[PDB]
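This is the structure I have questions about; it appears just below.
Any value given below was found using the heavy atoms of this structure, including those in side chains, with hydrogens, waters and symmetry copies removed. When a ligand or atom number is given, it counts from 1 through the structure's own listing order. Here is how names work: the chains are called A, B, and so on, in the same order as the sequence lines, proteins then strands, and each is numbered from 1.
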Amino acid sequence: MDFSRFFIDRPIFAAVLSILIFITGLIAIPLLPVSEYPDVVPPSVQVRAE
Amino acid sequence: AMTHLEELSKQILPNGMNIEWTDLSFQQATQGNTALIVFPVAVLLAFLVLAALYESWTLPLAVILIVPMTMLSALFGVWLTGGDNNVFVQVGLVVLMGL
Amino acid sequence: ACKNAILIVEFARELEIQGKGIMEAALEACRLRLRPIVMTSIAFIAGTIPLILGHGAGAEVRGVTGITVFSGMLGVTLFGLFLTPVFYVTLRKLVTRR
Amino acid sequence: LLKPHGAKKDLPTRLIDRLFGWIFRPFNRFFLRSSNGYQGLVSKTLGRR
Amino acid sequence: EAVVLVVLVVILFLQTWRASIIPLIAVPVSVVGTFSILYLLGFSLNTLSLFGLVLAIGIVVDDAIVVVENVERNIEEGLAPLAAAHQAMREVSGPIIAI
Ligand SMILES: CCCCCCCCCCCCO[C@@H]1O[C@H](CO)[C@@H](O[C@H]2O[C@H](CO)[C@@H](O)[C@H](O)[C@H]2O)[C@H](O)[C@H]1O
Ligand SMILES: CCCCCCCCCCCCO[C@@H]1O[C@H](CO)[C@@H](O[C@H]2O[C@H](CO)[C@@H](O)[C@H](O)[C@H]2O)[C@H](O)[C@H]1O
Ligand SMILES: CCCCCCCCCCCCO[C@@H]1O[C@H](CO)[C@@H](O[C@H]2O[C@H](CO)[C@@H](O)[C@H](O)[C@H]2O)[C@H](O)[C@H]1O
Ligand SMILES: CCCCCCCCCCCCO[C@@H]1O[C@H](CO)[C@@H](O[C@H]2O[C@H](CO)[C@@H](O)[C@H](O)[C@H]2O)[C@H](O)[C@H]1O
Ligand SMILES: CCCCCCCCCCCCO[C@@H]1O[C@H](CO)[C@@H](O[C@H]2O[C@H](CO)[C@@H](O)[C@H](O)[C@H]2O)[C@H](O)[C@H]1O
Ligand SMILES: CCCCCCCCCCCCO[C@@H]1O[C@H](CO)[C@@H](O[C@H]2O[C@H](CO)[C@@H](O)[C@H](O)[C@H]2O)[C@H](O)[C@H]1O
């Protein structure tokens with residue numbers, strides 16, 4: 001089966017889909033949190049007295 | 001007004017005093033204009049849908065270039081009647097550009 | 001390894017559907033898949049050279065990764081081009097004995 | 001983008017053929033020999049399952 | 001670097017610069033597109049997700065090589081490019097989904 005038939009014959013639909021994917025990845029990049037590692041340190045709470 | 005008041009305070013206040021915005025002014029002063037990203041993204045997405053519809057990279061411009069004229073017609077009505085471009089007018093502009 | 005071997009097996013299957021014998025199909029499938037398998041292997045392997053030969057920031061993770069990929073890719077290529085058609089033929093002959 | 005098999009060469013192809021064409025024929029010769037070698041090798045492998 | 005290497009491998013083996021355009025475009029689309037789903041799923045850019053992204057370039061490159069080499073093989077067998085594309089995707093498009 002040729003699952004690509006429509007796109008092969010109408011390449012601008014393929015272009016548009018890829019640009020949309022690309023564009024939404026670009027929008028998303030500066031929204032992503034950024035750190036060296038994922039959150040792996042167990043949460044902790046410190047009680048201090050003197 | 002905010003820039004002017006910032007200027008005033010540099011001229012007027014003694015060393016050791018300053019101003020801080022609060023309430024809605026603080027939001028105005030600390031918000032970016034994401035409109036600079038939102039508007040080009042909207043135009044480009046609409047262009048891409050039309051490029052697919054028409055199978056043409058150029059025919060979408062026959063639609064897109066027309067919409068500034070509808071916005072000008074509406075804003076001309078506001079200007080003529082002495083209105084302003086408040087948020088309700090602004091949504092109306094965009095719906096009229098949609099139609 | 002899976003990506004490459006699925007297509008060897010798929011092509012052989014197609015070639016049997018289009019008339020060829022089990023052995024002939026396996027051999028022609030490998031002949032057809034040889035070039036893209038080797039193109040990918042060469043591209044990957046060349047890309048591991050700056051990981052192997054690069055010291056500085058990130059050098060430790062770069063290094064362990066290049067060694068792993070370089071060695072793994074030699075095996076991807078060789079076992080994909082020689083073991084897969086053997087298994088293909090053995091399993092085909094297993095279910096079409098008589 | 002891909003042209004039919006023996007299409008006339010465009011400007012960048014002619015430029016690459018000039019600049020790099022001396023690589024293509026020995027590589028082509030080496031791929032053909034390696035390809036034929038692999039074919040014989042796997043063929044003998046299948047006789048030694 | 002991956003894009004330069006795959007371009008050179010494609011030219012070395014297929015000997016047309018036109019075939020190298022397919023990975024040239026497909027690889028960055030596929031890598032940059034990954035961020036929108038990472039964002040939607042709540043992930044961060046960290047040295048581990050970024051490492052996965054660079055390892056994944058290997059799979060992305062192989063995908064582009066599979067498609068363009070199989071089209072070009074059908075062209076080497078005398079098919080016109082459009083028929084060669086359709087035939088090539090009858091051969092691999094279902095397998096690509098399964099893979
Ligand atoms: C970062 C990602 C970027 C990806 C960039 C990809 C660019 C690739 C351009 C693809 C070309 C398709 O773009 C466009 O395709 C359509 C067909 O769909 C062609 O259209 C042609 O065929 C269609 C029928 O399908 C006719 O209706 C049309 O009149 C004719 O021009 C256009 O002439 C071509 O300009
Ligand atoms: C050709 C395109 C390349 C393919 C795309 C692959 C993308 C891979 C991840 C790109 C991520 C960008 O990630 C981004 O990194 C930059 C630079 O370090 C940071 O950006 C920062 O850079 C400098 C100083 O450091 C400042 O002037 C800037 O305003 C600030 O945002 C972003 O806050 C972070 O989100
Ligand atoms: C297109 C193919 C997609 C296949 C993907 C299949 C996904 C499988 C499900 C994995 C589950 C996702 O689960 C998601 O994990 C991330 C891990 O970073 C968690 O992320 C959480 O911790 C991270 C730090 O690492 C912080 O940025 C944040 O405070 C929070 O979002 C999310 O709270 C959780 O919702
Ligand atoms: C031709 C196709 C080739 C396909 C395969 C290519 C795979 C590429 C190899 C992986 C590259 C690794 O890239 C490398 O990643 C690690 C982890 O994110 C980074 O490492 C960074 O994060 C780690 C924490 O994890 C710190 O301890 C380190 O000091 C810092 O440099 C390196 O700065 C970067 O150089
Ligand atoms: C035909 C119909 C038209 C289709 C319309 C398409 C609508 C697409 C809208 C996408 C909007 C999603 O909006 C966004 O959702 C994500 C994921 O749930 C939320 O979550 C995101 O940021 C939060 C922090 O704020 C973190 O948990 C994480 O990094 C990320 O998941 C965001 O806070 C929200 O801004
Ligand atoms: C994690 C959940 C996943 C569960 C579901 C996974 C399903 C994967 C389906 C992908 C298959 C689609 O791909 C399609 O496969 C079928 C066989 O199945 C191939 O079909 C081929 O073999 C069949 C017999 O098996 C013949 O009738 C036919 O002449 C030939 O084309 C198609 O050429 C290919 O295009």
Salt bridge between C:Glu28 and C:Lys20, side-chain N to carboxylate O under 4.0 Å?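 No, this pair does not count.
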Distance from atom 13 (O) of ligand 3 to nearest protein heavy atom, with residue and atom: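 In this structure, atom 13 (O) of ligand 3 has E:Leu41 O, 4.4 Å as its nearest protein heavy atom.
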Ligand 6 N/O within reach of C:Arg13 N/O, cut-off under 3.5 Å: yes
Which residue holds the protein heavy atom closest to atom 28 (C) of ligand 3, what is that atom called, and what is the gap in Å? E:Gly42 O, 4.4 Å
Can you pull out the closest protein heavy atom to atom 12 (C) of ligand 3? Residue, atom name and distance to 0.1 Å, please.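 Checking every protein heavy atom, the shortest distance to atom 12 (C) of ligand 3 gives E:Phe43 CE1, 4.0 Å.
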Shortest protein heavy-atom distance from atom 11 (C) of ligand 2, along with the residue and atom involved: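 Ranking protein heavy atoms by distance from atom 11 (C) of ligand 2, first comes A:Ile29 CG2, 3.6 Å.
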Any protein heavy atom under 4.0 Å from atom 15 (O) of ligand 6? no
Protein heavy atoms: any of them under 4.0 Å from atom 2 (C) of ligand 3? no
Would a 4.0 Å cut-off, counted as strictly less than, catch a protein heavy atom around atom 19 (C) of ligand 2?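 So far as the 4.0 Å threshold goes, atom 19 (C) of ligand 2 is out of reach of every protein heavy atom.
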Ligand-residue contact atoms, ligand 2 with E:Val32, heavy atoms, under 4.0 Å: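 It comes down to these atoms of ligand 2: 5 (C).
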Are C:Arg33 and C:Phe11 in a cation-pi contact, defined as NZ or CZ under 6.0 Å from the six-membered ring centre and within 45° of the axis? yes
Looking at E:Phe35, which atoms of ligand 2 are within less than 4.0 Å of one of its heavy atoms?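 Selected atoms, number and element: 7 (C), 8 (C), 9 (C).
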Protein heavy atom at shortest distance from atom 34 (C) of ligand 2: A:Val34 CG2, 4.5 Å
If you count the atoms of ligand 6 from 1 in the order shown, which ones are under 4.0 Å from a heavy atom of C:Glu14? 21 (C), 22 (O), 30 (C), 31 (O)
Any nitrogen or oxygen of A:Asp39, side chain or backbone, less than 3.5 Å from one on ligand 3?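 Such a contact does occur with ligand 3.
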Would you check if the side chain of D:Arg14 reaches a backbone N or O of D:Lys9 as a donor-acceptor pair within less than 3.5 Å?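 It does hold such a pair.
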For atom 22 (O) of ligand 3, is some protein heavy-atom partner under 4.0 Å away?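 Flag for atom 22 (O) of ligand 3 set to false, no protein heavy atom closer than 4.0 Å.
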How close does the nearest protein non-hydrogen atom get to atom 26 (C) of ligand 6, and which residue and atom is it? C:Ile17 CD1, 4.5 Å
Heavy atom under 4.0 Å from ligand 2: found in E:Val31's side chain, backbone, both, or neither? neither
